[PDB]
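Notes follow once the structure below has been shown.
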Amino acid sequence: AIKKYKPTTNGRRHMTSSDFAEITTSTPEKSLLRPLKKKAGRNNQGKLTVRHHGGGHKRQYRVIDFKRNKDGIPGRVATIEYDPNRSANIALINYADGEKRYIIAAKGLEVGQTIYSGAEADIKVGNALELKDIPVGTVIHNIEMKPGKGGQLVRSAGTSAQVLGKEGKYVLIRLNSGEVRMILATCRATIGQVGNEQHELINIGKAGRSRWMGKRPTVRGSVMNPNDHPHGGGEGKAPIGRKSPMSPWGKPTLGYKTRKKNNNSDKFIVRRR
Amino acid sequence: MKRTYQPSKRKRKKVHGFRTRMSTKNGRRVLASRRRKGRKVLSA
Amino acid sequence: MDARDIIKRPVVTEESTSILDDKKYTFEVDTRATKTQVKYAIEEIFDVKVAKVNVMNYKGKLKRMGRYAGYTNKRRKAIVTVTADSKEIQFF
RNA sequence: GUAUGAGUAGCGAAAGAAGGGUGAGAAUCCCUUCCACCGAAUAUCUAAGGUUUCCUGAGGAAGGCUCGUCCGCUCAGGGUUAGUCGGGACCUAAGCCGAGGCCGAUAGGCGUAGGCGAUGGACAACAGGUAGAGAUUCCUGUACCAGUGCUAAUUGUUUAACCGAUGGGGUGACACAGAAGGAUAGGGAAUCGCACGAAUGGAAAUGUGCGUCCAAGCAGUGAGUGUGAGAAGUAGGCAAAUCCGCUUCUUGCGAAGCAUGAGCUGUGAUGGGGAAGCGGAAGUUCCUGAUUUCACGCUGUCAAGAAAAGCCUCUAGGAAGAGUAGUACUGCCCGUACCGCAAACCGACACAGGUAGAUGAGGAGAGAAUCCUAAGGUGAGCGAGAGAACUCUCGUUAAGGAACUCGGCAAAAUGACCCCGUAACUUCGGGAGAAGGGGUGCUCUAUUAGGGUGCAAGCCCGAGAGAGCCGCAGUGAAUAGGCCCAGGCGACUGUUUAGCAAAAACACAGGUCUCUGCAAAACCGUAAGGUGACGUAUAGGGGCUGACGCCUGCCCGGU
RNA sequence: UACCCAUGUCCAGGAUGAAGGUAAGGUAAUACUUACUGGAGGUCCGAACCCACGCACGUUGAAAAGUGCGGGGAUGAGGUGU
Ligand SMILES: [Mg+2]
Ligand SMILES: [Mg+2]
Ligand SMILES: [Mg+2]
Ligand SMILES: [Mg+2]
Ligand SMILES: [Mg+2]
Ligand SMILES: [Mg+2]
Ligand SMILES: [Mg+2]
Ligand SMILES: [Mg+2]
Ligand SMILES: [Mg+2]
Ligand SMILES: [Mg+2]
Ligand SMILES: [Mg+2]
Ligand SMILES: [Mg+2]
Ligand SMILES: [Mg+2]
Ligand SMILES: [Mg+2]
Ligand SMILES: [Mg+2]
Ligand SMILES: [Mg+2]
Ligand SMILES: [Mg+2]
Ligand SMILES: [Mg+2]
Ligand SMILES: [Mg+2]
Ligand SMILES: [Mg+2]
Ligand SMILES: [Mg+2]
Ligand SMILES: [Mg+2]
Ligand SMILES: [Mg+2]
Ligand SMILES: [Mg+2]
Ligand SMILES: [Mg+2]
Ligand SMILES: [Mg+2]
Ligand SMILES: [Mg+2]
Ligand SMILES: [Mg+2]
Ligand SMILES: [Mg+2]
Ligand SMILES: [Mg+2]
Ligand SMILES: [Mg+2]
Ligand SMILES: [Mg+2]
Ligand SMILES: [Mg+2]
Ligand SMILES: [Mg+2]
Ligand SMILES: [Mg+2]
Ligand SMILES: [Mg+2]
Ligand SMILES: [Mg+2]
Ligand SMILES: [Mg+2]
Ligand SMILES: [Mg+2]
Ligand SMILES: [Mg+2]
Ligand SMILES: [Mg+2]
Ligand SMILES: [Mg+2]
Ligand SMILES: [Mg+2]
Ligand SMILES: [Mg+2]
Ligand SMILES: [Mg+2]
Ligand SMILES: [Mg+2]
Ligand SMILES: [Mg+2]
Ligand SMILES: [Mg+2]
Ligand SMILES: [Mg+2]
Ligand SMILES: [Mg+2]
Ligand SMILES: [Mg+2]
Ligand SMILES: [Mg+2]
Ligand SMILES: [Mg+2]
Ligand SMILES: [Mg+2]
Ligand SMILES: [Mg+2]
Ligand SMILES: [Mg+2]
Ligand SMILES: [Mg+2]
Ligand SMILES: [Mg+2]
Ligand SMILES: [Mg+2]
Ligand SMILES: [Mg+2]
Ligand SMILES: [Mg+2]
Ligand SMILES: [Mg+2]
Ligand SMILES: [Mg+2]
Ligand SMILES: [Mg+2]
Ligand SMILES: [Mg+2]
């Protein structure tokens, strides 16, 4: 559920957080860990290209299986545990061979279950099949775009898609944003919704809790100088004395569509969001 | 308070040393023009 | 180097001669001679049996002789001690 | 180059006095006694940095804000010793370079294999002595690590002793906070030893002063902390594996066994150190006790906490030599002097500034606060003598008590521990140490009532009450909140103009609008290549508003 | 000096008392009440450390930005070394 804190302190007054009641163990698998170093938004050349990044808790990467190529071998859910690199939780699977791999924990997955993948897999939460043999109307996640690449489209916590129909070589999918899209029928997907759906309701409560996540302060353009931002300057507080609000690099920011107008993938999108 | 120069043996050779000048096209131009004046010491 | 090229000259001072009775001899050796080369150089020249060698490096002192500044030579000093069942070296 | 200001300003935080000595010459150099200052430092080590400033013998031209017989100054000779300490021959992070390679008017940019690169990982020595300068380095004593030869026995020779990866696996390998323990360093009293036993009223002992020990290694032991055992079978671990991982059965448990583990005891010790009068006596018992160690060990939390080498193991492979014991020998390069909260470093200066880390005692005390002291270190590189105005830093003030002033600016006042008591308002947590009050000294009940410690001897901790005693005054010194009522602004903690403005300005958690379907949008770059992101609409970028409570009305003609 | 990256290190003492847990009460069973335990917090007081709000003095300074007496933060959006 969502834990709520008593107003003992002014900085603890509005905080809410998860209780982690679904997390089974607190130690990761040592053989599936890799180091991560903070880039702080710095470029190939050491330049700051993306603002408001850098300076949080240090983390380690968990090698997560998105392809899910291991067909025919049963795998038991061993643990459900915490991943700092993503919003959803992850699950450790002990395959019958004796080898362990990480997957995204779907909603309704608990320890002791058995998970399959391939053509002969049943339509259960946690299994993986190709889109050519998933019945119309089911709710799926971890959709991939190119066969053999690995799961890419629905992956955040609490998100899910839906199968709408089949067009022969392709399959219609309604993505999480409300966009109807044509996906190749040989690509794979996983049944079920991603399971940490309470993630939306967290209240940070503190200025310094955002800094633990690596988020440096953001400054409005209205309190800058004319050589810094198109909104800067003016005696006292000033309104947006321009035709439209503008980004720090020109290029109007309110209502202006930035998708490329001659994009190749425009014929595979049935209807926009 | 504290001043602008804080000495360090390693930091001096890694920025102004001979092997640092020899690694770039414009660093070899500094040595060429210092040899032209006949300066006693080239680089640091 | 040769045996005569590694070893240059003895050191004759108050500290150097106060340890001659202890069977310790102080020499100036080549700047690029290792501790092991000094051991075999001594046995070739004096035919003594060598027990230990200790080496140390000296910088050059900044010296002035009137409007002119320079440095003296840098030295490498070796102290050789010999086994009790061996002959002695006569600095004399 | 030389004048005027002018023998004027200054001579850079601080306590010195006298008696001897040297010398041509002494407030300033040396010695002695007394006095004073620092003492979570102004004490002891050690990194960086500086490069001979270190020691000895001579010197007094210049430097030293005066003097100088002196010196961190001048001259001449000297001084730094490592198989075990720090670094290399071991390992890797950020980062850097980069064969081929991809981009690009030239120049060049990026980047794979590969390699450099500590601020981190691994790794075998301790205790004493050294009268000019070095000490885990030299010397004495006792060790350890790796290797080599030789002597004596053992074993095996291809159904094959033994070795074993540059490969697989395990370990190495890790956050923050909190609490309770074990031990030890340190500290303090008795006992014991040595010396004195006294100047001015008293004391030959319930008198005074000083001291009351010791490694690494080796053998044993050990508070504790982790702690499932065996068997059978293998879609996995680039090939194989008896190793790891996974599955199934027998068997179960604060009971053992395995890993570690601070410390303790014997030896090291026929050795070394030790107050006195060159030799050297004594070294026990008890109390207290860590910020150190067991040890990120245990518990809890969320923000979810390096890599590689090294070590062990498994086969792939190599195999006629191999281990064992005893003895002797071998082990390279760089640094080592000296200063190091400072007169030797960064500030032009022998400059009231700045400079990481380890140790850092006693009384009273919660304390590394505060005052006085211990070990140790200092008396500050111009003086003496008068006690004018004026300036600065301090101490007291009769009566009044903000009348001063732009403004109670500055100063004055409160301040510790224990007990009583405490409002409006409120987001129910607060406000609150609200406000306002009372008690603190010494002696006897009294080696308390009672606790901790120990087998006892004994040793520490010490609240209430009574009786009294003395001062103007009892946290008798230093250190230690002034409080209340009401309004504007900003919810709060935080940040800002190094060197005029600390704020009502910025940020902030929250709200809303808008872009983005992934080779995502956005951004850097000519491009390659990148950040975004090893992310995937509960995610990412941009504009505006700024907790929370109640709300956010009308206009789409113009842009 | 501004921001960032990797790897180390520092913060004497005292106070308050969140979640949770246990026992008694209470119920058809829960709410709930009281005691003990527990040890949270961009919490509180206050040294080292960081900073720079007031005043005074310096102003051919001891100092090209300081000193003296007070002052703010002091477990964190912390200080600091390489
Ligand atoms: Mg942003
Ligand atoms: Mg903002
Ligand atoms: Mg502005
Ligand atoms: Mg403009
Ligand atoms: Mg404007
Ligand atoms: Mg205006
Ligand atoms: Mg823009
Ligand atoms: Mg640099
Ligand atoms: Mg130069
Ligand atoms: Mg050496
Ligand atoms: Mg005058
Ligand atoms: Mg005058
Ligand atoms: Mg002076
Ligand atoms: Mg040095
Ligand atoms: Mg001297
Ligand atoms: Mg003089
Ligand atoms: Mg004379
Ligand atoms: Mg002299
Ligand atoms: Mg000299
Ligand atoms: Mg030795
Ligand atoms: Mg080393
Ligand atoms: Mg090339
Ligand atoms: Mg490159
Ligand atoms: Mg590499
Ligand atoms: Mg290296
Ligand atoms: Mg190092
Ligand atoms: Mg070692
Ligand atoms: Mg010395
Ligand atoms: Mg790890
Ligand atoms: Mg003790
Ligand atoms: Mg196998
Ligand atoms: Mg012992
Ligand atoms: Mg833990
Ligand atoms: Mg030394
Ligand atoms: Mg001086
Ligand atoms: Mg100074
Ligand atoms: Mg300390
Ligand atoms: Mg003290
Ligand atoms: Mg005390
Ligand atoms: Mg203390
Ligand atoms: Mg004193
Ligand atoms: Mg008066
Ligand atoms: Mg009066
Ligand atoms: Mg009044
Ligand atoms: Mg008036
Ligand atoms: Mg008035
Ligand atoms: Mg005032
Ligand atoms: Mg009040
Ligand atoms: Mg009286
Ligand atoms: Mg504010
Ligand atoms: Mg300013
Ligand atoms: Mg100011
Ligand atoms: Mg590109
Ligand atoms: Mg990328
Ligand atoms: Mg605003
Ligand atoms: Mg409106
Ligand atoms: Mg319009
Ligand atoms: Mg219209
Ligand atoms: Mg916190
Ligand atoms: Mg606080
Ligand atoms: Mg400091
Ligand atoms: Mg500042
Ligand atoms: Mg303070
Ligand atoms: Mg101050
Ligand atoms: Mg305060």
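Here's how to read the names in the structure tokens: chain A, B, ... by the order shown, residue numbers from 1 in each chain, ligand numbers from 1 in the order shown.
Counting only C-alpha atoms (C1' of nucleotides), region 269-278 of chain D has the following residues at most 12 Å away, ignoring those fewer than 2 positions along the same chain: residues 127, 128, 129, 140, 141, 142, 193, 194, 195, 196, 209, 210, 211, 212, 213, 214, 215, 266, 267, 280, 281, 282 and 283 of chain D.
For ligand 21, the set of protein, DNA and RNA residues within 12 Å, based on only C-alpha atoms (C1' of nucleotides) and all ligand atoms, reads residues 84, 85, 86, 87, 88, 89, 90, 122 and 123 of chain D.
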- prompt: Which chain B residues are at most 8 Å from chain D (counting only C-alpha atoms (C1' of nucleotides)), as a PyMOL selection string?
  reply: chain B and resi 1-3+5-8
Written selection (N, CA, C and O atoms) as a PDB file, in the first residue's frame:
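Contents of the output file selection.pdb:
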```pdb
ATOM      1  N   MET B   1      42.827  35.304   2.692  1.00  0.00           N
ATOM      2  CA  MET B   1      42.440  33.903   2.802  1.00  0.00           C
ATOM      3  C   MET B   1      43.463  33.012   2.099  1.00  0.00           C
ATOM      4  O   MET B   1      44.642  33.013   2.450  1.00  0.00           O
ATOM      5  N   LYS B   2      43.008  32.257   1.104  1.00  0.00           N
ATOM      6  CA  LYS B   2      43.867  31.382   0.323  1.00  0.00           C
ATOM      7  C   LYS B   2      44.133  32.008  -1.041  1.00  0.00           C
ATOM      8  O   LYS B   2      43.320  32.775  -1.563  1.00  0.00           O
ATOM      9  N   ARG B   3      45.291  31.691  -1.610  1.00  0.00           N
ATOM     10  CA  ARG B   3      45.766  32.371  -2.803  1.00  0.00           C
ATOM     11  C   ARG B   3      45.608  31.485  -4.038  1.00  0.00           C
ATOM     12  O   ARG B   3      45.216  30.318  -3.960  1.00  0.00           O
ATOM     13  N   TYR B   5      47.833  30.324  -6.291  1.00  0.00           N
ATOM     14  CA  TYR B   5      48.840  29.324  -6.621  1.00  0.00           C
ATOM     15  C   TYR B   5      48.939  28.304  -5.495  1.00  0.00           C
ATOM     16  O   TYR B   5      49.318  28.647  -4.371  1.00  0.00           O
ATOM     17  N   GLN B   6      48.605  27.054  -5.805  1.00  0.00           N
ATOM     18  CA  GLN B   6      48.732  25.936  -4.871  1.00  0.00           C
ATOM     19  C   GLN B   6      49.647  24.900  -5.508  1.00  0.00           C
ATOM     20  O   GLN B   6      49.204  24.128  -6.377  1.00  0.00           O
ATOM     21  N   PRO B   7      50.921  24.849  -5.123  1.00  0.00           N
ATOM     22  CA  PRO B   7      51.892  24.042  -5.870  1.00  0.00           C
ATOM     23  C   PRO B   7      51.605  22.551  -5.810  1.00  0.00           C
ATOM     24  O   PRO B   7      51.056  22.032  -4.837  1.00  0.00           O
ATOM     25  N   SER B   8      51.996  21.866  -6.883  1.00  0.00           N
ATOM     26  CA  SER B   8      51.904  20.414  -6.962  1.00  0.00           C
ATOM     27  C   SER B   8      52.874  19.937  -8.031  1.00  0.00           C
ATOM     28  O   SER B   8      52.825  20.414  -9.167  1.00  0.00           O
TER      29      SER B   8
END
```
- request: For each of E:65, E:11, E:77, E:29, take the minimum atom-to-atom distance to residue 42 (chain E), counting only C-alpha atoms (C1' of nucleotides), then give the residue where this is smallest.
  value: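 Once distances to residue 42 (chain E) are computed over only C-alpha atoms (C1' of nucleotides), the minimum belongs to E:77.
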Test item, alpha helix (DSSP H) assignment across region 5-34 of chain B, answer as a PyMOL selection string: chain B and resi 9-16+18-21+25-34
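Around region 511-518 of chain D, within 8 Å and counting only C-alpha atoms (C1' of nucleotides), the residues found are residues 153, 179, 253, 254, 255, 256, 257, 258 and 259 of chain A; 520, 521, 536, 540, 541, 542 and 545 of chain D, once anything fewer than 2 positions away on its own chain is removed.
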Surrounding residues as JSON, numbers by chain, ligand 9, max 9 Å, only C-alpha atoms (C1' of nucleotides) and all ligand atoms: {"B": [16, 17, 41, 42, 43, 44]}
Write the residues you've just listed into a file as a compact mmCIF listing (two decimals), in the first residue's frame, and include N, CA and C atoms for each of them.
```
# COMPACT_ATOMS: atom_id res chain seq x y z
N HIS B 16 52.17 21.37 -18.20
CA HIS B 16 53.20 22.17 -18.85
C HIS B 16 54.44 21.37 -19.23
N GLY B 17 54.45 20.06 -19.00
CA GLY B 17 55.66 19.29 -19.19
C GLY B 17 56.05 19.14 -20.65
N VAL B 41 65.40 27.30 -20.73
CA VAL B 41 64.52 26.20 -20.36
C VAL B 41 63.33 26.16 -21.31
N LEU B 42 63.08 25.00 -21.89
CA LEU B 42 61.86 24.73 -22.65
C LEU B 42 60.92 23.90 -21.79
N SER B 43 59.65 24.31 -21.75
CA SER B 43 58.62 23.62 -20.97
C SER B 43 58.95 23.61 -19.48
N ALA B 44 58.14 22.92 -18.69
CA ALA B 44 58.36 22.86 -17.25
C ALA B 44 58.33 21.42 -16.75
```
task: Enumerate as a list in words the residues belonging to chain C that approach chain D to within 9 Å, with only C-alpha atoms (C1' of nucleotides) taken into account.
output: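 So the contacting residues turn out to be residues 13, 14, 15, 34, 35, 36, 53, 54, 55, 56, 57, 58, 61, 62, 78 and 79 of chain C.
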field: Expected answer as JSON, numbers by chain: residues within 12 Å of ligand 19, only C-alpha atoms (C1' of nucleotides) and all ligand atoms
entry: {"D": [52, 53, 54, 55, 56, 59, 71, 72, 73, 74, 75, 76]}
Selection above as a file: N, CA, C and O atoms (P, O5', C5', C4', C3', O3' and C1' of nucleotides), as a PDB file, in the first residue's frame:
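Final output, result_3.pdb:
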```pdb
ATOM      1  P     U D  52      69.000  24.457  -1.767  1.00  0.00           P
ATOM      2  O5'   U D  52      69.830  24.216  -0.432  1.00  0.00           O
ATOM      3  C5'   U D  52      69.343  24.655   0.830  1.00  0.00           C
ATOM      4  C4'   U D  52      70.088  24.003   1.969  1.00  0.00           C
ATOM      5  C3'   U D  52      71.592  23.854   1.761  1.00  0.00           C
ATOM      6  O3'   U D  52      72.262  24.003   3.014  1.00  0.00           O
ATOM      7  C1'   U D  52      70.616  21.717   2.052  1.00  0.00           C
ATOM      8  P     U D  53      72.829  25.440   3.460  1.00  0.00           P
ATOM      9  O5'   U D  53      71.597  26.138   4.191  1.00  0.00           O
ATOM     10  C5'   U D  53      71.268  25.811   5.534  1.00  0.00           C
ATOM     11  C4'   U D  53      69.873  26.257   5.897  1.00  0.00           C
ATOM     12  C3'   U D  53      69.173  25.431   6.967  1.00  0.00           C
ATOM     13  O3'   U D  53      69.530  25.823   8.281  1.00  0.00           O
ATOM     14  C1'   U D  53      67.698  25.837   5.143  1.00  0.00           C
ATOM     15  P     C D  54      70.497  24.900   9.170  1.00  0.00           P
ATOM     16  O5'   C D  54      69.928  23.430   8.951  1.00  0.00           O
ATOM     17  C5'   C D  54      68.954  22.871   9.822  1.00  0.00           C
ATOM     18  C4'   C D  54      69.295  21.441  10.148  1.00  0.00           C
ATOM     19  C3'   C D  54      70.640  21.247  10.833  1.00  0.00           C
ATOM     20  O3'   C D  54      70.532  21.341  12.244  1.00  0.00           O
ATOM     21  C1'   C D  54      70.495  19.814   8.951  1.00  0.00           C
ATOM     22  P     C D  55      71.626  22.142  13.101  1.00  0.00           P
ATOM     23  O5'   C D  55      72.933  21.236  13.002  1.00  0.00           O
ATOM     24  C5'   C D  55      72.985  19.952  13.605  1.00  0.00           C
ATOM     25  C4'   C D  55      74.369  19.363  13.509  1.00  0.00           C
ATOM     26  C3'   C D  55      75.507  20.300  13.880  1.00  0.00           C
ATOM     27  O3'   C D  55      75.728  20.358  15.277  1.00  0.00           O
ATOM     28  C1'   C D  55      76.010  19.202  11.843  1.00  0.00           C
ATOM     29  P     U D  56      76.370  21.668  15.945  1.00  0.00           P
ATOM     30  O5'   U D  56      77.900  21.621  15.504  1.00  0.00           O
ATOM     31  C5'   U D  56      78.750  20.569  15.936  1.00  0.00           C
ATOM     32  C4'   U D  56      80.088  20.608  15.241  1.00  0.00           C
ATOM     33  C3'   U D  56      80.851  21.917  15.324  1.00  0.00           C
ATOM     34  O3'   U D  56      81.527  22.082  16.557  1.00  0.00           O
ATOM     35  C1'   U D  56      80.913  21.104  13.104  1.00  0.00           C
ATOM     36  P     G D  59      86.747  33.934  14.432  1.00  0.00           P
ATOM     37  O5'   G D  59      85.931  34.690  13.294  1.00  0.00           O
ATOM     38  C5'   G D  59      86.519  34.956  12.030  1.00  0.00           C
ATOM     39  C4'   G D  59      85.547  35.653  11.117  1.00  0.00           C
ATOM     40  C3'   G D  59      84.731  36.758  11.757  1.00  0.00           C
ATOM     41  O3'   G D  59      85.466  37.967  11.822  1.00  0.00           O
ATOM     42  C1'   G D  59      83.348  35.393  10.378  1.00  0.00           C
ATOM     43  P     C D  71      75.419  31.275  16.306  1.00  0.00           P
ATOM     44  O5'   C D  71      74.207  31.594  15.322  1.00  0.00           O
ATOM     45  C5'   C D  71      72.875  31.249  15.671  1.00  0.00           C
ATOM     46  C4'   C D  71      71.870  31.794  14.685  1.00  0.00           C
ATOM     47  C3'   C D  71      72.067  31.409  13.227  1.00  0.00           C
ATOM     48  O3'   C D  71      71.593  30.106  12.933  1.00  0.00           O
ATOM     49  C1'   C D  71      71.568  33.720  13.390  1.00  0.00           C
ATOM     50  P     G D  72      72.329  29.201  11.828  1.00  0.00           P
ATOM     51  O5'   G D  72      71.469  29.421  10.503  1.00  0.00           O
ATOM     52  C5'   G D  72      70.075  29.131  10.488  1.00  0.00           C
ATOM     53  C4'   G D  72      69.468  29.256   9.110  1.00  0.00           C
ATOM     54  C3'   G D  72      69.464  30.663   8.520  1.00  0.00           C
ATOM     55  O3'   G D  72      69.463  30.577   7.094  1.00  0.00           O
ATOM     56  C1'   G D  72      67.242  29.947   8.832  1.00  0.00           C
ATOM     57  P     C D  73      70.834  30.598   6.257  1.00  0.00           P
ATOM     58  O5'   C D  73      71.310  32.116   6.324  1.00  0.00           O
ATOM     59  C5'   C D  73      70.782  33.095   5.439  1.00  0.00           C
ATOM     60  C4'   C D  73      71.705  34.281   5.331  1.00  0.00           C
ATOM     61  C3'   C D  73      73.118  33.968   4.858  1.00  0.00           C
ATOM     62  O3'   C D  73      73.231  33.893   3.448  1.00  0.00           O
ATOM     63  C1'   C D  73      73.231  35.278   6.814  1.00  0.00           C
ATOM     64  P     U D  74      74.317  32.918   2.776  1.00  0.00           P
ATOM     65  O5'   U D  74      75.721  33.532   3.216  1.00  0.00           O
ATOM     66  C5'   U D  74      76.273  34.657   2.544  1.00  0.00           C
ATOM     67  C4'   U D  74      77.742  34.818   2.845  1.00  0.00           C
ATOM     68  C3'   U D  74      78.612  33.593   2.611  1.00  0.00           C
ATOM     69  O3'   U D  74      78.988  33.431   1.254  1.00  0.00           O
ATOM     70  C1'   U D  74      79.112  34.517   4.725  1.00  0.00           C
ATOM     71  P     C D  75      79.250  31.962   0.661  1.00  0.00           P
ATOM     72  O5'   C D  75      80.623  31.508   1.334  1.00  0.00           O
ATOM     73  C5'   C D  75      81.839  32.173   1.027  1.00  0.00           C
ATOM     74  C4'   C D  75      82.989  31.661   1.860  1.00  0.00           C
ATOM     75  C3'   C D  75      83.246  30.165   1.812  1.00  0.00           C
ATOM     76  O3'   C D  75      83.946  29.755   0.650  1.00  0.00           O
ATOM     77  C1'   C D  75      83.328  30.904   4.053  1.00  0.00           C
ATOM     78  P     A D  76      83.678  28.300   0.023  1.00  0.00           P
ATOM     79  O5'   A D  76      84.384  27.303   1.046  1.00  0.00           O
ATOM     80  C5'   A D  76      85.774  27.396   1.320  1.00  0.00           C
ATOM     81  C4'   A D  76      86.199  26.396   2.367  1.00  0.00           C
ATOM     82  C3'   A D  76      85.675  24.983   2.182  1.00  0.00           C
ATOM     83  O3'   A D  76      86.424  24.239   1.236  1.00  0.00           O
ATOM     84  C1'   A D  76      85.397  25.642   4.437  1.00  0.00           C
TER      85        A D  76
END
```
- prompt: Can you tell me, as a ChimeraX atom specification, what residues are no more than 10 Å from residue 71 (chain E) when counting only C-alpha atoms (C1' of nucleotides), ignoring any on the same chain fewer than 4 positions away?
  reply: /E:52-54
How about saving the chosen residues, N, CA and C atoms (P, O5', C5', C4', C3', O3' and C1' of nucleotides) kept, as a PDB file, in the first residue's frame?
```pdb
ATOM      1  P     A E  52      30.055  33.695   3.224  1.00  0.00           P
ATOM      2  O5'   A E  52      29.453  34.760   4.240  1.00  0.00           O
ATOM      3  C5'   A E  52      28.047  34.915   4.409  1.00  0.00           C
ATOM      4  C4'   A E  52      27.730  35.741   5.632  1.00  0.00           C
ATOM      5  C3'   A E  52      28.142  37.207   5.543  1.00  0.00           C
ATOM      6  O3'   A E  52      27.258  38.000   6.334  1.00  0.00           O
ATOM      7  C1'   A E  52      29.345  36.155   7.285  1.00  0.00           C
ATOM      8  P     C E  53      26.009  38.753   5.662  1.00  0.00           P
ATOM      9  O5'   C E  53      24.977  38.890   6.866  1.00  0.00           O
ATOM     10  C5'   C E  53      23.874  39.779   6.795  1.00  0.00           C
ATOM     11  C4'   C E  53      23.363  40.133   8.166  1.00  0.00           C
ATOM     12  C3'   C E  53      24.109  41.251   8.872  1.00  0.00           C
ATOM     13  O3'   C E  53      23.672  42.535   8.466  1.00  0.00           O
ATOM     14  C1'   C E  53      23.866  39.425  10.344  1.00  0.00           C
ATOM     15  P     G E  54      24.683  43.779   8.489  1.00  0.00           P
ATOM     16  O5'   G E  54      24.765  44.172  10.028  1.00  0.00           O
ATOM     17  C5'   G E  54      23.596  44.510  10.758  1.00  0.00           C
ATOM     18  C4'   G E  54      23.924  44.893  12.177  1.00  0.00           C
ATOM     19  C3'   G E  54      25.089  45.851  12.351  1.00  0.00           C
ATOM     20  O3'   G E  54      24.717  47.201  12.128  1.00  0.00           O
ATOM     21  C1'   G E  54      25.287  44.068  13.895  1.00  0.00           C
TER      22        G E  54
END
```
task: Could the residues that lie within 9 Å of ligand 4, counting only C-alpha atoms (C1' of nucleotides) and all ligand atoms, be listed as a PyMOL selection string?
output: chain A and resi 226-232+250
message: Please list as a PyMOL selection string every residue within 8 Å of residue 62 (chain A), counting only C-alpha atoms (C1' of nucleotides) and excluding residues in the same chain fewer than 4 positions away.
response: chain A and resi 32-34+83+102
statement: Of D:182, D:340, D:546, D:83, the one sitting nearest ligand 34 when using only C-alpha atoms (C1' of nucleotides) and all ligand atoms is D:340
Show which residues sit within 8 Å of residue 429 (chain D), as a short mmCIF file (atom, residue, chain, number, x, y, z; two decimals) with N, CA, C and O atoms, in the first residue's frame. Count only C-alpha atoms (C1' of nucleotides), and ignore same-chain residues fewer than 5 positions away.
```cif
data_model
loop_
_atom_site.label_atom_id
_atom_site.label_comp_id
_atom_site.auth_asym_id
_atom_site.auth_seq_id
_atom_site.Cartn_x
_atom_site.Cartn_y
_atom_site.Cartn_z
N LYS A 6 3.26 10.94 9.80
CA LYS A 6 2.68 11.94 10.67
C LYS A 6 3.42 13.27 10.52
O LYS A 6 4.61 13.29 10.21
N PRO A 7 2.73 14.40 10.74
CA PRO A 7 3.37 15.72 10.59
C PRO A 7 4.30 16.06 11.75
O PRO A 7 4.16 17.09 12.42
N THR A 8 5.26 15.17 12.01
CA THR A 8 6.23 15.42 13.07
C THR A 8 7.13 16.61 12.74
O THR A 8 7.46 17.41 13.63
N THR A 9 7.51 16.76 11.48
CA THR A 9 8.37 17.84 11.03
C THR A 9 7.75 18.48 9.80
O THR A 9 6.94 17.87 9.10
#
```
field: Given 12 Å and only C-alpha atoms (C1' of nucleotides) and all ligand atoms, residues near ligand 33 as a ChimeraX atom specification
entry: /A:26-27 /D:174-177,295-301,304-305
